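One chain is shown next in structure tokens, namely the form deposited in one PDB entry.
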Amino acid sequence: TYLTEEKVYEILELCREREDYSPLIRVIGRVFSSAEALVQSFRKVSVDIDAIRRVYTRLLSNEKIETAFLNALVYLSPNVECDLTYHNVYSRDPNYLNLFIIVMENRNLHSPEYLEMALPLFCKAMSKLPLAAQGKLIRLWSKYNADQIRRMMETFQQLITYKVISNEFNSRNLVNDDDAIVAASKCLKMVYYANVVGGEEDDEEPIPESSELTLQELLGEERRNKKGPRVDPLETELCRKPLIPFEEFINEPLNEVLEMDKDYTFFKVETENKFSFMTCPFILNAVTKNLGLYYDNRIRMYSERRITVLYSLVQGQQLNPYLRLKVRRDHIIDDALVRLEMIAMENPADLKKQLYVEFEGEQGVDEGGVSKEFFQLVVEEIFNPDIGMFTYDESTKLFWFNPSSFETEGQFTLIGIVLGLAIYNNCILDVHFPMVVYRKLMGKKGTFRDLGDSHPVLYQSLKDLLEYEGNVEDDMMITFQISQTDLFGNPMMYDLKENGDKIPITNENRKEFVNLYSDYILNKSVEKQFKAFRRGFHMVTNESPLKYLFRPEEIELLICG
């Protein structure tokens, strides 16, 4: 039975000529209940998804046909679930994915009729798909429009919501051993990556180690080590803007029945029949992601405490279990920079302890408030105009680096370390940084499209130059050598080309002129300052899953609150 358009139509008018649709019901029941037939069915003249949509349009108006579809999907699903696992077919048949892109066109998947037993079974059968098949399917889905991605999103959001509402989840019955929610979210991962795909880079350098480096010399792992629990369905395909906003995947009914105390366990030690809902972190709320990061960064503190206990045991050494600063209140930068420099030199992995920062001249037990006080003191004194490190756009109330700040490289490293320690041990600050800062931290340079946050008064001028329909060569005569004036009154004419002051702008050169001017404004003017800033930020949170759990858009929420 090689179904096509013509077989379905011929059976359809044969049914309506006898005024009874029993042949269509029996055909649809016996063909859509077999995995072998749909793989060879509906092939192009290797599958005509538009023609499947046409068949569904011309067919799904009858209730008997659609309930036959439901029961046939119920029959189809478990014999494919126990086929990808106990056997393997996609390796010997690339056509097998046809099965999963003919039943997905069913508009009644996004309906309560398929919610109870059809869709859980189908998403369980699809959850065990091999990684290459998942990559091909995500690549296929990425070309779909926004409404179809929203439909595939809500198809599994409905199932997760229904299976969370309908199932009572105490601490003894978790969401990790409920295969319906696990399969639905592991199939929603495909829709999330299809949204990512269908919707400029930094130069990272890591930090060394003192004693473990000699061990790395011993084992021979000295060239370059690897780091990151990064997902399996990546490096099969490709940071960018999505087709549907990333907040839409945040499943709120699931996020209030999770247990990150137990979920972090299955994230750091991989139990077989227990899914860890940070492998799919896009369904994690802000409080849930922050909770998981908090558990990770407290387990690291306990590991460093145990390391110092061992050093107390064998060698007899006495080591401080905290990052015990001692800053005089009259000089916070001058007395925190030197301590952080000393600790960064002698023991680079000592900044991954609990921060204890007490002031001289006063005795305080650090229950958390004293570290907080140190933090607003730092944010006050770093961001003041007297130190001359950050300028303050009052039209947007945003703090952006100074292109004319020199010999403060250590202090930019200090504020980077302040943000790193802030994220590390659960501290919230008041930093008014543009989002280009929170992306340039993660490893992505800033594009002209994000000059609207940092410098809006100049971004508007650049955009008005971009779509200016008249000839730009004879109207403003702006050269490639830009005209920027320092706060000192001196000009700081910067060069974007070898003959910038001799090459006039043209109606074609403006497109790259804008994207070199933006590059100079927010990548090259502040290159030393941000290099120091990002090194300071990285040296505290280099072993953290923050690049894995937290998107750049949801890190301003982590520091600023």
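Take the two forms, find the largest set of C-alpha atoms that superpose within 1.5 Å, and that set is the rigid core. Residue numbers run from 1 along the displayed sequence.
If you look for the form deposited in another entry, you will not find it shown, but the lines that follow are about it.
Of the residues checked (466, 269, 231, 476), the rigid-core alignment between this form and the one not shown shows a Cα shift of at least 2 Å for 231 alone. Once you line up the core between this form and the one not shown, the Cα of residue 153 stays within less than 2 Å of where it was. Relative to the superposed rigid core, the position of the CA of residue 218 differs between this form and the one not shown by 2 Å or more. For residue 380, a C-alpha deviation below 2 angstroms is recorded between this form and the one not shown after rigid-core alignment. Legend note: Cα of residue 229 to Cα of residue 271 is at least 3 Å farther in the other entry than in the depicted form. The pair residue 232 and residue 555 is tighter in the other entry: their Cα-Cα distance falls by no less than 3 Å compared with this form.
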